[PDB]
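# Observations on the model geometry
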Amino acid sequence: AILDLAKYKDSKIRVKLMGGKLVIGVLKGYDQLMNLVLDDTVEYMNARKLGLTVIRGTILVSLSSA
Amino acid sequence: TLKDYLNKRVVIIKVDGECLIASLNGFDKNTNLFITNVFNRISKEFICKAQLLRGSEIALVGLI
Amino acid sequence: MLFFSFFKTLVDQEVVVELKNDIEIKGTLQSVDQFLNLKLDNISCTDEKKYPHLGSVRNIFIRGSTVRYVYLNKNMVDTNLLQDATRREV
Amino acid sequence: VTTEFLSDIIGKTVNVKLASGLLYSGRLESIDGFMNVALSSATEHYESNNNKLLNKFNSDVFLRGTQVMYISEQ
Amino acid sequence: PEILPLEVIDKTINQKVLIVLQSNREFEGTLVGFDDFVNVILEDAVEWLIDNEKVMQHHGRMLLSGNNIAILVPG
Amino acid sequence: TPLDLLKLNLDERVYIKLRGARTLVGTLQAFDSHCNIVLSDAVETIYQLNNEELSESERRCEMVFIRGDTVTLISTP
Amino acid sequence: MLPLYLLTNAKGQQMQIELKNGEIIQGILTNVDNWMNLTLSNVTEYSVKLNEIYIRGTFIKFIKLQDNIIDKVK
């Protein structure tokens, strides 16, 4: 894979989804298809907190460190 | 096919609204247009000397 | 492959093509490909406002996804052959 | 599991929603790989069945794969 | 070593789950099963429209399609 | 199976709904795996909300090809 | 030649990326693949400084390439 997610693991990342969405969370799990498993997740669509969440990789727009 | 359109100035209209006059220098099966000497049709505004235009955006292309 | 074939069979045809973003253009279809693109020769006027800001563009390449229709007449297209083909396929 | 579900709900009255918000209530005739649904005796509604009925279709109605969002049942 | 999403999904079977789609629409209910495309089988789902509006209460088994799903939240 | 089911209403009148509120009525003469439709003896009805009031626009075309991306529902009137 | 090929060639060049939503994304290219998933380093966006970003292929409108794209690559 072009983006290795071992360094991003156990760190607060900021991900974007399609249809006007933003999800910040600590990257706990991942795979080859860029489907993430975020812990301590907070969606900012102003605010919307979640527990343990699973982000999909078929509409993952952007991903950055935080 | 866009093999006749290479090395020639072309008028390219998008899905959203805009229209671009520029020189087409490369194409692929997914319609990603490699373009040089970029300009806008209505505004006559120079964007840049070279760019890539994604095939999802291209609504129309025209030889001129 | 049915539809592609049909398209091919309409080689050299003055046909109007309405696109997604209010663009209606007439032209003589030349080349046809797997994904149903249209290269039209001799671009003529259909409507006054919908027809886009072109003039000297005599040859175009329409992206297959952006077409809404391909406006044929009742004397310009196949039908029960297509039906037969469909039946044959699954 | 999905396949099994599909197999099961053949010949049942089913709620099928598309992307625009049109809920279709009718008897399920068939369905295949890309989620293209084939209903019959369909009665389309906006959002929910408690709201007003727009149009009615006695013949075999076809719902496309990319438009359909879910397939629920009563 | 790394935690798979599929595994997580599996774990969430027979437990309450909230499935957020790409549009401003959500579904809350009990999970039954899944596959590679994430075509969820959701038993007794409650359709919410956000920004909240309760749309419809389902009495059966809902096949939620894998195209529109964005987030999957156990509990 | 659904495709097969649509082989019955070929060469008879049909009712087709597209995205953008475009009602198309004619006779079904073609379809395939992607659901691309060709109607004969057809007539289009375009719902278009403008200036905060309803207004239909009728486009009469004795034949029309339709791409599968636009298609939502097929039925009989 | 191809756009993908060009992109591949230009590894460690500046490029301003535009998305379907609206934002401008300036950055230096690090890696490219077959679907055009763009990874940038020394990243800065407009209506936020970043060390590294990941950008999807289909969501891009266009990429404003620099003037020396033919000289450095070819």
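In the nomenclature of the PDB entry, chain F is known as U6 snRNA-associated Sm-like protein LSm3 of Saccharomyces cerevisiae. As deposited in the PDB, this entry carries the title "The overall structure of the yeast spliceosomal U4/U6.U5 tri-snRNP at 3.7 Angstrom".

The PDB entry lists chain B under the name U6 snRNA-associated Sm-like protein LSm8, with Saccharomyces cerevisiae as the source organism. Under Sequence similarities, UniProt gives the following word-for-word description of chain B: "Belongs to the snRNP Sm proteins family."

## Quick word on the overall build of chain F
Looking only at helices and strands, one finds one helix and six strands in chain F. What you see in chain F, going N to C, is helices and strands ordered as α-β-β-β-β-β-β. Overall size of chain F, expressed as C-alpha extent along the three principal axes, is 45 × 20 × 20 Å. Split into buried and exposed, the 77 residues of chain F put 56% on the buried side. For chain F, long-range pairs separated by at least 24 residues make up 43% of all intrachain contacts whose partners lie at least 6 apart in sequence.

## Comments concerning the overall build of chain B
Helices and strands together make up the secondary structure of chain B, namely zero helices and five strands. Ordered by position in the sequence, the α and β elements of chain B form the string β-β-β-β-β. What you see for chain B is a C-alpha radius of gyration of 11 Å, in line with the 11 Å of a compact globule of 64 residues. Taking the principal axes of the C-alpha coordinates as reference, chain B spans close to 30 × 25 × 20 Å.

## Notes on the interface of chain B and chain C
Size of an interface: often given as the accessible area lost when the parts come together. Contact with chain B, which involves 22 residues of that partner, is made by 19 residues of chain C. Across the chain B to chain C interface the summed buried area is about 1700 Å²; carbon plus sulfur atoms make up 60%. Its largest share of buried area at the contact with chain C, chain B owes to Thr1(B), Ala59(B) and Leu60(B), together 28% of the area lost on that side. In this structure, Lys39(C) engages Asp4(B) in a salt bridge whose closest nitrogen and oxygen atoms are separated by 3.9 Å.

## What to know about the arrangement of the chains
The chain pair with the greatest number of contacts, out of seven pairs of chains in contact, is formed by chains C and F. Nothing in chain C touches chain E; the tightest C-alpha to C-alpha distance between them is still 19 Å.

Criteria and cut-off values
- Residues numbered from 1 in each chain as written, not as in the entry; some residues may be left out.
- Chains lettered and ligands numbered in written order.
- Part of a larger assembly, values for the part shown.
- Heavy atoms only, no water.
- Residues with missing side-chain atoms left out of burial classes, pairs and counts.
- UniProt positions renumbered as here; feature names shortened; annotations may be inferred.
- Helix = DSSP H or I, 4+ residues; strand = E, 2+ residues; numbered from the N terminus.
- Buried < 20%, exposed > 50% of the residue type's maximum accessible area, 1.4 Å probe, protein only.
- Contact = heavy atoms within 4.5 Å.
- Rg over C-alpha atoms; globule rule 2.2 N^0.38 Å.
- Buried area = accessible area lost by both parts, 1.4 Å probe.
- Salt bridge = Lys/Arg side-chain N within 4 Å of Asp/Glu carboxyl O.

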